[PDB]
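J.: Quick one: the structure is below, and I'll ask about it shortly.
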Amino acid sequence: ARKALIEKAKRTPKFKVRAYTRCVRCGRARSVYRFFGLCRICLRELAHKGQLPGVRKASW
Amino acid sequence: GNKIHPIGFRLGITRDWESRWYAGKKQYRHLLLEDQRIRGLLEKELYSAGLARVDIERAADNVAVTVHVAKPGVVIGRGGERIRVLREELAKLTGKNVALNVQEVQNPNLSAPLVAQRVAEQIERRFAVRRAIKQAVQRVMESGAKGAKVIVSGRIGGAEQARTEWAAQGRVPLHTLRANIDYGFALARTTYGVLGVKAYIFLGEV
Amino acid sequence: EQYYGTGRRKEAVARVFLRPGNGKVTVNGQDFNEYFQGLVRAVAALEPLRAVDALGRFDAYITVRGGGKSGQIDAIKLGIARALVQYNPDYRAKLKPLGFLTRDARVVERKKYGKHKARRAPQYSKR
Amino acid sequence: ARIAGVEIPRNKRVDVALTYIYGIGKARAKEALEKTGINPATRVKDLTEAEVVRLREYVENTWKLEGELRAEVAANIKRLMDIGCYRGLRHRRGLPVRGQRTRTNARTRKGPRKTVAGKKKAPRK
Amino acid sequence: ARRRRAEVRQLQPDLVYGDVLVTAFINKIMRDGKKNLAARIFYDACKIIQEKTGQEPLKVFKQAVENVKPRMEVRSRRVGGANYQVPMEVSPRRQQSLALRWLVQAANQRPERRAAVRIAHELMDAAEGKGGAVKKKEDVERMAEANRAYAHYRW
Amino acid sequence: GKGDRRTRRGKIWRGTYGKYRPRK
Amino acid sequence: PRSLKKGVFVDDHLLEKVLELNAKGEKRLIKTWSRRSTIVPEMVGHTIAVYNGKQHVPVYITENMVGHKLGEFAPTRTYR
Amino acid sequence: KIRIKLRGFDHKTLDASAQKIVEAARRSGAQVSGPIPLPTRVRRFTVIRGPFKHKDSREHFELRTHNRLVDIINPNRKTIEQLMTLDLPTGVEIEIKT
RNA sequence: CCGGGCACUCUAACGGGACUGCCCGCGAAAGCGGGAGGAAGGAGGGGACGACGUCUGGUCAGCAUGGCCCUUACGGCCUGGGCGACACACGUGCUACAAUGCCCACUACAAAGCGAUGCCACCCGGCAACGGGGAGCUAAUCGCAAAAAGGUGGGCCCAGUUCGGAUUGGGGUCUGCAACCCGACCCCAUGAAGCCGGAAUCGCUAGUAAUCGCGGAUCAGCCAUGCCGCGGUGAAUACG
Ligand SMILES: [K+]
Ligand SMILES: [K+]
Ligand SMILES: [K+]
Ligand SMILES: [Mg+2]
Ligand SMILES: [Mg+2]
Ligand SMILES: [Mg+2]
Ligand SMILES: [Mg+2]
Ligand SMILES: [Mg+2]
Ligand SMILES: [Mg+2]
Ligand SMILES: [Mg+2]
Ligand SMILES: [Mg+2]
Ligand SMILES: [Mg+2]
Ligand SMILES: [Mg+2]
Ligand SMILES: [Mg+2]
Ligand SMILES: [Mg+2]
Ligand SMILES: [Mg+2]
Ligand SMILES: [Mg+2]
Ligand SMILES: [Mg+2]
Ligand SMILES: [Mg+2]
Ligand SMILES: [Mg+2]
Ligand SMILES: [Mg+2]
Ligand SMILES: [Mg+2]
Ligand SMILES: [Mg+2]
Ligand SMILES: [Mg+2]
Ligand SMILES: [Mg+2]
Ligand SMILES: [Zn+2]
């Protein structure tokens, strides 16, 4: 998250390739889960707050 | 560093979610990014009302929502002049057109999120930490509660060496998955830096 | 007319239907020996019958699904053992001591994190 | 008998035996016994002069083998080498050519480990 | 095993000779949990013994085992700086464990290409009183007593 | 073995198909 | 074991700069940042200076090298 | 022949939408085929607990999507009413492919 | 497959069930040793869960944050390099050194998962990668899908060899604006070291170890042999 490289929202990559997920909450670009748009860190933070519906703590 | 967030740990039982809206692998990330935008504003302003919780329900563009505060009035306004601007601020954010109820927090001293916010403010005004903690634990313990605890981080009193003040009474069994313990975390900027404040209130078991 | 048990093992479900007859055993529309083709263990599956002198006084239609053949063999081992009791509850007085009535609970233990295989831990050096 | 340049596969199945030729492998082997109709399982010592001829005929005229192959391959390498070509340089320096990591295991192309003095304190682990 | 005394686990009798001692030998033969392949190997062996021998393979198996069991062995024990090879009796339980283990090890040292032949021929040379297995048994017992001087360190 | 590209078990390990392991 | 498919690639920067430069004939030097582009017939005889990330190496293109990318003549790293 | 599909994240939120559709129809339609279970589709999220390194910790999270079927035969008009605006669950999504 | 039926198996909600309760023995008691019923005993088996605190431990490069410093550059945009270098050293792994094996056929038996700008049945072309074309699926309905090890048969005969597939030459298919540096994948050639590993040293007490394959996240593609999970087969040993 260098608020300038958060130009991912650009949508004008010239070539669809250069497009890269990047976290919506931290800007974290290295563990962004498609399904949540979040990074592994925040995905864990919010899940603890119960702010991610359905998402519980698995155990078996 | 040990111990899981007592809420994320108790979602199964003694503690429901803060967003009861279903979704599929194509929109979930959106309805999620939305809730955050919501809580983003709600908290950016309603701070003065003292917002403990903020649920968000859904069914289809009819985004229920709610906001449990200690001082409703602050939300409402003269007759309802504030609860108006904001209510439009939601649909201007997301052209979803949604409700915006308001629950009152019976006791703001049995809601960890507030108790935390409480002490957190005092810290910024420069109140003696240990006092605040001692007191806070009391407010909570006096107005009911079978137990309670409060934790402040470090640089207590502007000190260079970060410490960690304690204080707690009654029971606060975190290992017991049934305690029903409200947890509240409050930041606390300062001329010299951040101080973290956690709050735990044990009320009722089974 | 007909008796039936079940039996399960390591995630293998066995449907056992015992009907008086010769000694023929059908497993999924196949001769016992047809299904358990060259599996030294198989023999076992019918041990309960022999445990009470049946086999040559019964016939069995068997269903099966889930797992592997040796696991299925153990399930069948229980079905035949159960039905063989529904037929005559006085048969327990013999199958019990051989534990043929027990449903082996042993199952593939879960794969834990930070550990190659549930228990096998990673090898480390220069400690 | 001698099929390709002085090749003497013998006392073993012809398909296997054919392999002892530079340019022929399981594939081209099975293929030649095919387009020449010869049971592969026959020991070459049990081959027929008639068969040994068709084999010799086919294989020799249908593929570049033995010495003639090495010549070509030799040539190729020397070409990308006579040219500036990156790939060429790698051949000159005797290092991998198919973009592989040379920080560790690159032995097969480098040879034996020519160890040298090192920096002790600093767990090179 | 610092608490209990890990009790010996019982094995399911042989699917043929209905012998526990046989399943055991089969387990030692078995590698990578391929208990089927293990079973076959042992059996073709009992068969090969039926061939070259007019005696029940089960009886040969036993006899063999018996001859490879070490009734004495040396165990190392540090006392006064150095380590001393102290000879001492060998529990029945361990004799069995040792006999079977060695049979398979000795058998796989053999020259015959086929696994079944190896166990078969080793099993025979065993009940005869010869074979690599019986040597190990003997090289061990020779080791014991050869240090009887230290037998007072009972252990 | 599992490392032989052009073989049965080789293709499986490498999770592919080809002449040495067609899709039936 | 090389590959690209049906549709030989070549950046059109130099292309329309070469096939066009063939109008008057040849010329001295060129300067490209397209290691990407394949060397095609109509280059033989030219002297294309290729960039390697720091320099613009002068690469004389010949018949025998038609097919190789330009980068293959502008080595990136510097060893001993 | 009314195909009813019920999915969700809570197994009470759905059983509270298979009850507001099981009796409020047994007074106008077929004897109805009771609510049918239908296997769930679990989605696991395994995350490395801490911000930096420590790749051997990790915590497990998951989204369990429960299901239900129902399926009421005989629309009967009168059934298509007792089930027109008489539900409650907010964490549910309904489908109808009758 | 159709009628038809929920028995069974499943699917998934809710309950029952185990308490040292029962019996004999020892004991002051708690409890210990057995025995009977029982699917299951005496924490059934595995998870989640890790106190007051320690390491002044990790992380300002996930985020947040005091101070400090740069603020036509310690900011910003591109194109191309680089993170992939290679005398050399270590860690973690992968594939092996083979006959309890390797091939080719032919036949079985899984469990959890994933699937719109997608899984991709089936058909045609191509040795094949893959390309044409298209059925069905918003999936307990369709698809990935074959599970592999096994089992039957046949080949190899003990050899650096039908072991082993590293290198390297050649020809191609794909993803992508684009594969030189620097992508997997297919086919033909090539066929390295390795014949079981010095001093040292690692894991694991049972469905565990060992072994066999399958799916997922990330992701266009991929350098997954990593990682997180799933099920098949299934040991040895513990005096102390
Ligand atoms: K338990
Ligand atoms: K510290
Ligand atoms: K192997
Ligand atoms: Mg930032
Ligand atoms: Mg990308
Ligand atoms: Mg994403
Ligand atoms: Mg068997
Ligand atoms: Mg396993
Ligand atoms: Mg050859
Ligand atoms: Mg390199
Ligand atoms: Mg091979
Ligand atoms: Mg606990
Ligand atoms: Mg340190
Ligand atoms: Mg430090
Ligand atoms: Mg790196
Ligand atoms: Mg290694
Ligand atoms: Mg074809
Ligand atoms: Mg050699
Ligand atoms: Mg070879
Ligand atoms: Mg590349
Ligand atoms: Mg050899
Ligand atoms: Mg996987
Ligand atoms: Mg992928
Ligand atoms: Mg590579
Ligand atoms: Mg991979
Ligand atoms: Zn984040």
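Residues in the structure tokens are named by chain (A, B, ... in the order shown) and by number from 1 within that chain; ligands are numbered from 1 in the order shown.
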Using only C-alpha atoms (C1' of nucleotides) and all ligand atoms, find each protein or nucleic acid residue lying at most 9 Å from ligand 5; present the set as a ChimeraX atom specification.

T.: /A:17-21 /I:219-220

J.: Report as an MDAnalysis selection string which protein, DNA and RNA residues come within 12 Å of ligand 23, using only C-alpha atoms (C1' of nucleotides) and all ligand atoms.

T.: chainID I and resid 114 184 215:222 224

J.: Determine, counting only C-alpha atoms (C1' of nucleotides), which protein, DNA and RNA residues have an atom within 6 Å of an atom of segment 80-96 of chain E; residues of the same chain fewer than 6 positions away are not included. Present the result as a PyMOL selection string.

T.: chain E and resi 69-74+144+150-151

J.: Would you mind listing the residues within 9 Å of ligand 2, counting only C-alpha atoms (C1' of nucleotides) and all ligand atoms, as a PyMOL selection string?

T.: (chain B and resi 162) or (chain I and resi 55-57)

J.: Which protein, DNA or RNA residues have an atom within 12 Å of ligand 3, counting only C-alpha atoms (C1' of nucleotides) and all ligand atoms, as a list in words?

T.: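 Here is the list of contacting residues: residues 31 and 32 of chain E; 1, 2, 3, 9, 10 and 13 of chain F; 94, 95, 96, 98, 101, 102, 148, 149, 210, 211, 212 and 213 of chain I.
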
J.: Please identify the helix (DSSP H, G or I) residues within chain H (assignment by DSSP from backbone atoms) and present them as a ChimeraX atom specification.

T.: /H:79-82

J.: How close does each residue of chain G get to chain D, giving the shortest atom pair and distance in Å to one decimal for every residue with an atom at most 8 Å away, counting only C-alpha atoms, sorted by chain and residue number, as a Markdown table?

T.:
```
| residue | atom | partner | partner_atom | distance |
| --- | --- | --- | --- | --- |
| G:64 | CA | D:83 | CA | 7.8 |
| G:65 | CA | D:83 | CA | 7.0 |
| G:68 | CA | D:85 | CA | 7.9 |
| G:72 | CA | D:86 | CA | 4.7 |
| G:73 | CA | D:85 | CA | 5.1 |
| G:74 | CA | D:86 | CA | 7.8 |
| G:75 | CA | D:86 | CA | 6.4 |
```

J.: So that I have them on file, write out the residues from the current selection with N, CA, C and O atoms, as a PDB file, in the first residue's frame.

T.:
```
ATOM      1  N   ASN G  64      22.168 -16.082 -41.050  1.00  0.00           N
ATOM      2  CA  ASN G  64      22.177 -17.192 -40.104  1.00  0.00           C
ATOM      3  C   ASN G  64      21.451 -16.932 -38.789  1.00  0.00           C
ATOM      4  O   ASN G  64      21.108 -17.877 -38.080  1.00  0.00           O
ATOM      5  N   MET G  65      21.212 -15.665 -38.459  1.00  0.00           N
ATOM      6  CA  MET G  65      20.531 -15.336 -37.207  1.00  0.00           C
ATOM      7  C   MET G  65      19.076 -14.894 -37.357  1.00  0.00           C
ATOM      8  O   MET G  65      18.437 -14.471 -36.388  1.00  0.00           O
ATOM      9  N   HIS G  68      16.032 -15.546 -34.527  1.00  0.00           N
ATOM     10  CA  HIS G  68      16.342 -15.311 -33.120  1.00  0.00           C
ATOM     11  C   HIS G  68      15.836 -13.929 -32.706  1.00  0.00           C
ATOM     12  O   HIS G  68      15.758 -13.023 -33.538  1.00  0.00           O
ATOM     13  N   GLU G  72      18.713 -11.869 -27.632  1.00  0.00           N
ATOM     14  CA  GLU G  72      19.727 -12.916 -27.653  1.00  0.00           C
ATOM     15  C   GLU G  72      21.112 -12.445 -28.070  1.00  0.00           C
ATOM     16  O   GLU G  72      22.067 -13.219 -28.028  1.00  0.00           O
ATOM     17  N   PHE G  73      21.233 -11.188 -28.479  1.00  0.00           N
ATOM     18  CA  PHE G  73      22.529 -10.674 -28.912  1.00  0.00           C
ATOM     19  C   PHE G  73      22.973  -9.523 -28.022  1.00  0.00           C
ATOM     20  O   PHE G  73      24.089  -9.010 -28.140  1.00  0.00           O
ATOM     21  N   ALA G  74      22.076  -9.149 -27.114  1.00  0.00           N
ATOM     22  CA  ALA G  74      22.307  -8.092 -26.144  1.00  0.00           C
ATOM     23  C   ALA G  74      22.243  -8.766 -24.788  1.00  0.00           C
ATOM     24  O   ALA G  74      21.200  -8.749 -24.132  1.00  0.00           O
ATOM     25  N   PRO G  75      23.354  -9.388 -24.354  1.00  0.00           N
ATOM     26  CA  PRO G  75      23.403 -10.073 -23.058  1.00  0.00           C
ATOM     27  C   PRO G  75      23.184  -9.125 -21.866  1.00  0.00           C
ATOM     28  O   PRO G  75      23.882  -8.119 -21.710  1.00  0.00           O
TER      29      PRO G  75
END
```

J.: Per DSSP on the backbone, what are the strand (DSSP E or B) residues of segment 13-93 of chain C, as a ChimeraX atom specification?

T.: /C:13-19,25-27,31,59-65

J.: Pull N, CA, C and O atoms from the residues just selected and write them as an mmCIF file, in the first residue's frame.

T.:
```
data_model
loop_
_atom_site.group_PDB
_atom_site.id
_atom_site.type_symbol
_atom_site.label_atom_id
_atom_site.label_comp_id
_atom_site.auth_asym_id
_atom_site.auth_seq_id
_atom_site.Cartn_x
_atom_site.Cartn_y
_atom_site.Cartn_z
ATOM 1 N N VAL C 13 -19.551 -48.599 3.600
ATOM 2 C CA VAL C 13 -20.893 -49.038 3.952
ATOM 3 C C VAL C 13 -21.224 -50.389 3.329
ATOM 4 O O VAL C 13 -21.032 -50.603 2.130
ATOM 5 N N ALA C 14 -21.733 -51.298 4.149
ATOM 6 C CA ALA C 14 -22.077 -52.622 3.664
ATOM 7 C C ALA C 14 -23.531 -52.979 3.932
ATOM 8 O O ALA C 14 -24.002 -52.892 5.066
ATOM 9 N N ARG C 15 -24.239 -53.374 2.878
ATOM 10 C CA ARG C 15 -25.630 -53.780 3.003
ATOM 11 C C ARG C 15 -25.634 -55.299 2.891
ATOM 12 O O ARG C 15 -25.279 -55.857 1.852
ATOM 13 N N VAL C 16 -26.014 -55.962 3.976
ATOM 14 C CA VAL C 16 -26.031 -57.416 4.013
ATOM 15 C C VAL C 16 -27.431 -58.013 4.122
ATOM 16 O O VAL C 16 -28.164 -57.734 5.072
ATOM 17 N N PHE C 17 -27.789 -58.839 3.142
ATOM 18 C CA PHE C 17 -29.081 -59.514 3.121
ATOM 19 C C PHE C 17 -28.830 -61.014 3.153
ATOM 20 O O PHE C 17 -28.296 -61.577 2.198
ATOM 21 N N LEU C 18 -29.197 -61.658 4.252
ATOM 22 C CA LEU C 18 -29.013 -63.096 4.359
ATOM 23 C C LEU C 18 -30.337 -63.806 4.115
ATOM 24 O O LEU C 18 -31.363 -63.465 4.709
ATOM 25 N N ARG C 19 -30.305 -64.795 3.230
ATOM 26 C CA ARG C 19 -31.490 -65.569 2.887
ATOM 27 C C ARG C 19 -31.060 -67.033 2.854
ATOM 28 O O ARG C 19 -30.042 -67.369 2.248
ATOM 29 N N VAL C 25 -22.668 -66.094 -2.539
ATOM 30 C CA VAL C 25 -22.560 -64.735 -2.012
ATOM 31 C C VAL C 25 -22.371 -63.705 -3.141
ATOM 32 O O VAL C 25 -21.358 -63.699 -3.845
ATOM 33 N N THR C 26 -23.359 -62.834 -3.308
ATOM 34 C CA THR C 26 -23.306 -61.825 -4.354
ATOM 35 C C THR C 26 -22.922 -60.458 -3.828
ATOM 36 O O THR C 26 -23.625 -59.886 -3.000
ATOM 37 N N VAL C 27 -21.811 -59.929 -4.326
ATOM 38 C CA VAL C 27 -21.342 -58.610 -3.920
ATOM 39 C C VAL C 27 -21.434 -57.672 -5.119
ATOM 40 O O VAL C 27 -20.581 -57.701 -6.002
ATOM 41 N N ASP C 31 -19.737 -62.546 -8.083
ATOM 42 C CA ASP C 31 -19.406 -63.640 -7.193
ATOM 43 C C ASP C 31 -18.475 -63.042 -6.146
ATOM 44 O O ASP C 31 -17.684 -62.140 -6.450
ATOM 45 N N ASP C 59 -27.326 -67.920 2.389
ATOM 46 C CA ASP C 59 -26.941 -67.380 1.090
ATOM 47 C C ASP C 59 -26.954 -65.876 1.351
ATOM 48 O O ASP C 59 -27.720 -65.425 2.210
ATOM 49 N N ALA C 60 -26.136 -65.094 0.642
ATOM 50 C CA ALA C 60 -26.106 -63.649 0.897
ATOM 51 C C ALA C 60 -25.998 -62.677 -0.280
ATOM 52 O O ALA C 60 -25.146 -62.818 -1.158
ATOM 53 N N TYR C 61 -26.875 -61.678 -0.279
ATOM 54 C CA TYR C 61 -26.868 -60.638 -1.302
ATOM 55 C C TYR C 61 -26.224 -59.460 -0.577
ATOM 56 O O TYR C 61 -26.720 -59.035 0.472
ATOM 57 N N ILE C 62 -25.124 -58.946 -1.125
ATOM 58 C CA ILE C 62 -24.395 -57.846 -0.497
ATOM 59 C C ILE C 62 -24.230 -56.606 -1.376
ATOM 60 O O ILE C 62 -23.912 -56.706 -2.564
ATOM 61 N N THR C 63 -24.436 -55.440 -0.769
ATOM 62 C CA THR C 63 -24.277 -54.160 -1.450
ATOM 63 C C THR C 63 -23.064 -53.507 -0.810
ATOM 64 O O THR C 63 -22.689 -53.855 0.312
ATOM 65 N N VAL C 64 -22.450 -52.560 -1.505
ATOM 66 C CA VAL C 64 -21.286 -51.897 -0.943
ATOM 67 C C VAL C 64 -20.961 -50.615 -1.697
ATOM 68 O O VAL C 64 -21.171 -50.521 -2.908
ATOM 69 N N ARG C 65 -20.450 -49.630 -0.968
ATOM 70 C CA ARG C 65 -20.108 -48.348 -1.563
ATOM 71 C C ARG C 65 -19.333 -47.499 -0.560
ATOM 72 O O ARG C 65 -19.707 -47.409 0.616
#
```

J.: Neighbours of segment 18-25 of chain E within 6 Å (only C-alpha atoms (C1' of nucleotides); same-chain residues fewer than 5 positions away dropped), as a list in words?

T.: residues 11, 13 and 100 of chain E

J.: Kindly save the residues from that selection, with N, CA and C atoms included, as an mmCIF file, in the first residue's frame.

T.:
```cif
data_model
loop_
_atom_site.group_PDB
_atom_site.id
_atom_site.type_symbol
_atom_site.label_atom_id
_atom_site.label_comp_id
_atom_site.auth_asym_id
_atom_site.auth_seq_id
_atom_site.Cartn_x
_atom_site.Cartn_y
_atom_site.Cartn_z
ATOM 1 N N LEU E 11 -2.107 -59.916 17.307
ATOM 2 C CA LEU E 11 -2.317 -59.883 15.866
ATOM 3 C C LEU E 11 -3.425 -60.858 15.464
ATOM 4 N N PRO E 13 -4.989 -63.890 13.783
ATOM 5 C CA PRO E 13 -4.481 -65.168 13.285
ATOM 6 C C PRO E 13 -4.408 -65.259 11.765
ATOM 7 N N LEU E 100 12.335 -63.629 13.793
ATOM 8 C CA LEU E 100 11.612 -63.266 12.577
ATOM 9 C C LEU E 100 12.305 -62.146 11.800
#
```

J.: Find the residues near residue 58 of chain A: any atom within 6 Å, counting only C-alpha atoms (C1' of nucleotides), skip ones fewer than 2 places away on the same chain, and give them as a PyMOL selection string.

T.: chain H and resi 60-62

J.: Taking only C-alpha atoms (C1' of nucleotides) and all ligand atoms and a cut-off of 8 Å, can you tell me which residues surround ligand 4, written as a list in words?

T.: residues 1, 2 and 3 of chain A; 63 of chain I

J.: Store the residues of this selection in a file with N, CA, C and O atoms (P, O5', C5', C4', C3', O3' and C1' of nucleotides), as a PDB file, in the first residue's frame.

T.:
```pdb
ATOM      1  N   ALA A   1       0.842  -1.229   0.000  1.00  0.00           N
ATOM      2  CA  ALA A   1       0.000   0.000   0.000  1.00  0.00           C
ATOM      3  C   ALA A   1       0.862   1.259   0.000  1.00  0.00           C
ATOM      4  O   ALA A   1       1.261   1.759   1.053  1.00  0.00           O
ATOM      5  N   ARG A   2       1.151   1.772  -1.188  1.00  0.00           N
ATOM      6  CA  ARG A   2       1.948   2.979  -1.298  1.00  0.00           C
ATOM      7  C   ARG A   2       1.103   4.102  -1.918  1.00  0.00           C
ATOM      8  O   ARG A   2       1.625   4.968  -2.631  1.00  0.00           O
ATOM      9  N   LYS A   3      -0.199   4.079  -1.620  1.00  0.00           N
ATOM     10  CA  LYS A   3      -1.168   5.060  -2.120  1.00  0.00           C
ATOM     11  C   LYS A   3      -0.652   5.837  -3.325  1.00  0.00           C
ATOM     12  O   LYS A   3      -0.417   7.040  -3.255  1.00  0.00           O
TER      13      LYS A   3
ATOM     14  P     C I  63       1.445  -1.141   4.556  1.00  0.00           P
ATOM     15  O5'   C I  63      -0.125  -0.929   4.692  1.00  0.00           O
ATOM     16  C5'   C I  63      -0.623   0.059   5.576  1.00  0.00           C
ATOM     17  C4'   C I  63      -1.881  -0.403   6.272  1.00  0.00           C
ATOM     18  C3'   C I  63      -2.063   0.406   7.535  1.00  0.00           C
ATOM     19  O3'   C I  63      -2.620   1.647   7.220  1.00  0.00           O
ATOM     20  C1'   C I  63      -2.216  -1.870   8.082  1.00  0.00           C
TER      21        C I  63
END
```

J.: Step by step, measure atom-to-atom distances between ligand 17 and each residue using only C-alpha atoms (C1' of nucleotides) and all ligand atoms, keep those at most 10 Å, then write them as a list in words.

T.: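 With only C-alpha atoms (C1' of nucleotides) and all ligand atoms and a cut-off of 10 Å, ligand 17 is contacted by residues 124, 125, 126, 127 and 128 of chain I.
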
J.: Any idea what's packed within 12 Å of residue 134 of chain I, counting only C-alpha atoms (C1' of nucleotides), ignoring anything in its chain fewer than 4 positions away? Could you give it as a PDB file with N, CA, C and O atoms (P, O5', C5', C4', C3', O3' and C1' of nucleotides), in the first residue's frame?

T.:
```pdb
ATOM      1  P     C I 120     -11.930 -29.509 -16.920  1.00  0.00           P
ATOM      2  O5'   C I 120     -12.734 -30.497 -17.882  1.00  0.00           O
ATOM      3  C5'   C I 120     -13.122 -30.123 -19.226  1.00  0.00           C
ATOM      4  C4'   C I 120     -14.622 -30.270 -19.402  1.00  0.00           C
ATOM      5  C3'   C I 120     -15.066 -30.804 -20.757  1.00  0.00           C
ATOM      6  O3'   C I 120     -15.123 -32.221 -20.764  1.00  0.00           O
ATOM      7  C1'   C I 120     -16.258 -28.826 -20.281  1.00  0.00           C
ATOM      8  P     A I 121     -14.988 -33.015 -22.153  1.00  0.00           P
ATOM      9  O5'   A I 121     -16.144 -34.115 -22.070  1.00  0.00           O
ATOM     10  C5'   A I 121     -16.347 -34.889 -20.864  1.00  0.00           C
ATOM     11  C4'   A I 121     -17.729 -35.516 -20.852  1.00  0.00           C
ATOM     12  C3'   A I 121     -18.066 -36.425 -22.024  1.00  0.00           C
ATOM     13  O3'   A I 121     -17.614 -37.753 -21.807  1.00  0.00           O
ATOM     14  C1'   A I 121     -19.832 -34.890 -21.694  1.00  0.00           C
ATOM     15  P     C I 122     -16.888 -38.546 -23.001  1.00  0.00           P
ATOM     16  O5'   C I 122     -17.785 -38.235 -24.285  1.00  0.00           O
ATOM     17  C5'   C I 122     -18.986 -38.991 -24.584  1.00  0.00           C
ATOM     18  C4'   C I 122     -19.587 -38.508 -25.886  1.00  0.00           C
ATOM     19  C3'   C I 122     -18.629 -38.521 -27.072  1.00  0.00           C
ATOM     20  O3'   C I 122     -18.639 -39.780 -27.738  1.00  0.00           O
ATOM     21  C1'   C I 122     -19.702 -36.412 -26.931  1.00  0.00           C
ATOM     22  P     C I 123     -17.427 -40.174 -28.718  1.00  0.00           P
ATOM     23  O5'   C I 123     -17.584 -39.197 -29.970  1.00  0.00           O
ATOM     24  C5'   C I 123     -18.696 -39.331 -30.881  1.00  0.00           C
ATOM     25  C4'   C I 123     -18.633 -38.268 -31.955  1.00  0.00           C
ATOM     26  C3'   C I 123     -17.312 -38.162 -32.693  1.00  0.00           C
ATOM     27  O3'   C I 123     -17.246 -39.100 -33.753  1.00  0.00           O
ATOM     28  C1'   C I 123     -18.064 -35.999 -32.078  1.00  0.00           C
ATOM     29  P     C I 124     -15.843 -39.780 -34.122  1.00  0.00           P
ATOM     30  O5'   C I 124     -15.078 -38.641 -34.937  1.00  0.00           O
ATOM     31  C5'   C I 124     -15.565 -38.229 -36.219  1.00  0.00           C
ATOM     32  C4'   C I 124     -14.894 -36.958 -36.677  1.00  0.00           C
ATOM     33  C3'   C I 124     -13.378 -36.929 -36.737  1.00  0.00           C
ATOM     34  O3'   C I 124     -12.870 -37.551 -37.911  1.00  0.00           O
ATOM     35  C1'   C I 124     -14.190 -34.901 -35.813  1.00  0.00           C
TER      36        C I 124
END
```

J.: Go through the chains and note each residue within 7 Å of ligand 10, using only C-alpha atoms (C1' of nucleotides) and all ligand atoms, then give the set as a PDB file with C-alpha atoms (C1' of nucleotides), in the first residue's frame.

T.:
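To be explicit, this is the file written out as pocket_21.pdb:
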```pdb
ATOM      1  CA  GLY D  99      17.093 -21.160 -18.360  1.00  0.00           C
ATOM      2  CA  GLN D 100      17.897 -22.941 -15.106  1.00  0.00           C
ATOM      3  CA  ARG D 101      19.097 -21.733 -11.727  1.00  0.00           C
ATOM      4  CA  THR D 102      22.884 -21.798 -11.543  1.00  0.00           C
TER       5      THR D 102
ATOM      6  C1'   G I  84      16.282 -16.014 -12.189  1.00  0.00           C
TER       7        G I  84
END
```

J.: Counting only C-alpha atoms, which of H:94, H:84, H:72, H:48 gets nearest to chain A?

T.: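 Nearest to chain A: H:48.
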
J.: Residues of chain E within 12 Å of chain C, using only C-alpha atoms, as number ranges by chain?

T.: E: 12-16, 18, 23, 34-43

J.: Could you list the residues in chain I lying within 7 Å of chain E, using only C-alpha atoms (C1' of nucleotides), and format the result as a PDB file with C-alpha atoms (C1' of nucleotides), in the first residue's frame?

T.:
```pdb
ATOM      1  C1'   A I  99      12.844 -57.922  -9.491  1.00  0.00           C
ATOM      2  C1'   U I 100       8.687 -57.073  -2.452  1.00  0.00           C
ATOM      3  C1'   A I 210       5.823 -46.134   5.543  1.00  0.00           C
ATOM      4  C1'   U I 211       3.399 -46.062   0.886  1.00  0.00           C
ATOM      5  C1'   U I 233      -3.246 -50.036   1.891  1.00  0.00           C
ATOM      6  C1'   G I 234      -1.458 -50.472   6.467  1.00  0.00           C
ATOM      7  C1'   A I 235       3.370 -52.275  10.011  1.00  0.00           C
ATOM      8  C1'   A I 238       8.542 -49.541  23.926  1.00  0.00           C
TER       9        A I 238
END
```

J.: When you get a sec, could you note down which chain A residues fall within 12 Å of chain B, using only C-alpha atoms, as a PyMOL selection string?

T.: chain A and resi 23-25+32-38+43-59
